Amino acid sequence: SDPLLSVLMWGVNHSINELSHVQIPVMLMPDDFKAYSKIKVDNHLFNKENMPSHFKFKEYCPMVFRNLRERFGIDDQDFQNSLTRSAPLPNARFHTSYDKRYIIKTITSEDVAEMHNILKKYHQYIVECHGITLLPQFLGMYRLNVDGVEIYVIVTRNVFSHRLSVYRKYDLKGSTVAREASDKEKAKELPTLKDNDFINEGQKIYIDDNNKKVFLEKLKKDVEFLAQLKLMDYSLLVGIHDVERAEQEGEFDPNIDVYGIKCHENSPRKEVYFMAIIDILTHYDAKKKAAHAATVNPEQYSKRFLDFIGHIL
């Protein structure tokens, strides 16, 4: 029904099948970070029901993202199934894989240029921390062309659980400038609440001391890495699963819901938290271009961010 979506599914399927025939070495070479594969399909008076008649599909750095998927505990055949067995659902357009494991976000060519710019350092950071990080997990990046329409997509891991539902959702930046959800926003079903809502509504996260220390430790290293790359406008995405409210209408596989953290035993309510960094691809200069056409530097953003999060936990 959405032809760009069908091209995406077809393309991911194609990409994973091609890779299944490649010998995967333990290491990446420098050219792997400059690599791509392009397919251009032209059907004349054929197969009109399933696909657009004319489309292109490009995959950036196939070997790097295959390496990353395995590092993030993701098997290629599973990834293929999640994205192609049934269509992704809509919810920058966002889609969620049918099994809720992956997020598919539509991005700009500028974002793509920035992903390329950091991809090597990102990969090496992922190696150093053995894949244990709150950073977005970049799993695939593609360019889709359907009859004059060109779009770029990136695939990442869902911060939230593929099983346990989230009834409350926050997007935190820790800005000295006031951030708040608008009144039209709060009227949404699962609204994206922000820094002021959290500060004002006295939201508490009830996790024990060991879980808190571990989390903030990860968070520190991740955010420094981001600062170092002059990246900003990223958030801590926080999801709360209410085990009680879920029974009205509660444990997780930590190898799938990798961001889950159980509340401690004295929590007023049975809760599971899902917390991770999102939206890192805006470079300082790219934010300035959107502030010109339509104090707050990378390092400051970094400090404000860690201050706020250290406070809210």
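All residue numbers are counted from 1 along the displayed sequence. If you superpose the two forms and keep the largest set of C-alpha atoms that fall within 1.5 Å, you have the rigid core.
- For the pair 177-185 and 206-214, greater average C-alpha departure from the shown form in 7 other deposited structures of this protein after core alignment is found in 177-185.
- In a rigid core superposition of the other structures in 7 other deposited structures of this protein, 93-101 and 117-125 differ in how far their CA atoms stray, and the farther one is 93-101.
- Omission of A294 is seen in a third or more of the other entries compared for this protein where the adjacent residues are built.
- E244 is built in all of the other entries compared, counting only those with both neighbours built, so it is not a gap in a third.
- The segment from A294 to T295 is interrupted, since 10 or more residues of the deposited sequence in that interval carry no coordinates.
- The modelled chain breaks after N91 and resumes at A92, leaving 4 to 9 residues of the deposited sequence without coordinates.
- Of the two stretches examined, 163-171 and 149-157, the record assigns the greater average C-alpha temperature factor to 163-171.
- Stretches 172-180 and 208-216 differ in mean CA B factor, with 172-180 having the higher one.
- Out of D42, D279, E249, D31, it is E249 whose C-alpha atom has the highest B-factor in the PDB entry.
- In this entry, the residue among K48, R66, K262, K56 with the greatest C-alpha B factor is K48.
- When all modelled residues of the chain are sorted by CA temperature factor, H241 is found within the middle third.
- Among the modelled residues of the chain, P25 sits in the middle third by CA temperature factor in this PDB entry.
- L83: CA B factor in the middle third of modelled residues in this chain (values from the PDB entry).
- Per the deposited record, the Cα B-factor of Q77 falls in the middle third when ranked against the other modelled residues of its chain.
- Ranked within its chain, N200 lands in the highest third, by CA B factor from the PDB record.
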